[PDB]
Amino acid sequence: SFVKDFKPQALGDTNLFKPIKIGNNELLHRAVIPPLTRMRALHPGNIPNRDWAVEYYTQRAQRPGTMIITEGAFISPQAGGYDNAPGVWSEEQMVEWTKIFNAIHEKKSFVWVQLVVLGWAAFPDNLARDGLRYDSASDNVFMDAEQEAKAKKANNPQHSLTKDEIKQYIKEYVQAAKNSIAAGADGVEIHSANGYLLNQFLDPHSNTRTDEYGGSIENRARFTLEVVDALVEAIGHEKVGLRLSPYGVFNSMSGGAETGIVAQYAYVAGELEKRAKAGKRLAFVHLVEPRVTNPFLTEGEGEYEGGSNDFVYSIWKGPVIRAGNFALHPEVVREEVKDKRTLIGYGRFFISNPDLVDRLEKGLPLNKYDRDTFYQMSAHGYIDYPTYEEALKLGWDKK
């Protein structure tokens, strides 16, 4: 069905429908697919779904000139811990990714691989089964009681990374980025948001370290910036973006309750601008808005009203992708895209609307999403959401 109470607005007369260049890619509009974990990868080996993933991405690439950021992809076994999320370290994985990237490019769209390391969000029992550590910044603060207990039961207590282990992750980020480009991706996004490992280093709640990787703003940002620099060197700044969620609380990050949180993120933005002014500007910065501090709460819930991401624009002077509850709020998008370097990521409603871009241009009703099939091993709720035309044929204008 269509979302019942929604009053759509046509956005074709806004900058959402003006072309923009991101990295090497000439986008034809500014509606971006943000990274969306869907849990259709198959075990063993974290293999992108051999039956359905090409179709899923093909459907969502259908509007020419769309920027797609993939579902999060693990850079190595140690970086993972969810059996049904994909990786980008193995030949068997890259065979499937190549097909996905080719399909997106055949639709004249673009694809950026999000590179993920889970840290404390991983399942410690899966890691133990596979002979892997349960990693985070620290060893004395935990995501929640259940995770702490699972780790202990698995004889895999949370481990504070050594400097050498940080370096090993950096090597894996580099190789994952190389694999992504060699397989045909247009670029990569470094996931430093949503309470995953790099965010666990950025945040003073999760990072109680007293070495050079914690205990100050500069130290907490060190790992993220080392990954940025290593990837810029390996594949070029034009093929690298960075995702941040300053106000996020998902995965036990601090959000606005931490009075130093804006400074922490302002520092990162400043360091990116410094690199840019020195000739190595990242393709984009991608921000999760305080509109959505936890993406598993219904739109409108978990909104933080005490802060804005606008500060980033005073510091970083490149493209900015903003995501969080924008599909149901075209009136907000209309204002935000007046800024000529702003793009809008649409997550949950891209799950349910493969032709979302047409719907945004033309002010059409939106398909309701089905949260129960966000994570499921099924084509249902993955590749069977209809286009607007298909929905009309199903009678959804009258349901």
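From 1 onward, residues are counted along the sequence shown.
Note on 210 to 218 vs 70 to 78: mean CA B-factor is higher in 210 to 218. Mean CA temperature factor is higher for 123 to 131 when stretches 109 to 117 and 123 to 131 are set side by side in the entry. Note on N155, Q200, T293, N325: the highest value goes to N155, judged by CA B factor as recorded. When the C-alpha B-factors of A263, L287, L161, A85 are read from the PDB record, the largest value belongs to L161. Annotation for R281: CA B-factor lies in the middle third of the chain's modelled residues. For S352, the recorded CA B-factor ranks within the lowest third of the chain. Only modelled residues enter the ranking. Sort the chain's modelled residues by C-alpha temperature factor and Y247 lands in the lowest third, per the entry.
Placement of the Cα temperature factor of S308 within the chain: lowest third of the modelled residues, per the deposited record. Annotation for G318: C-alpha temperature factor in the lowest third relative to the rest of the modelled chain, per the entry.
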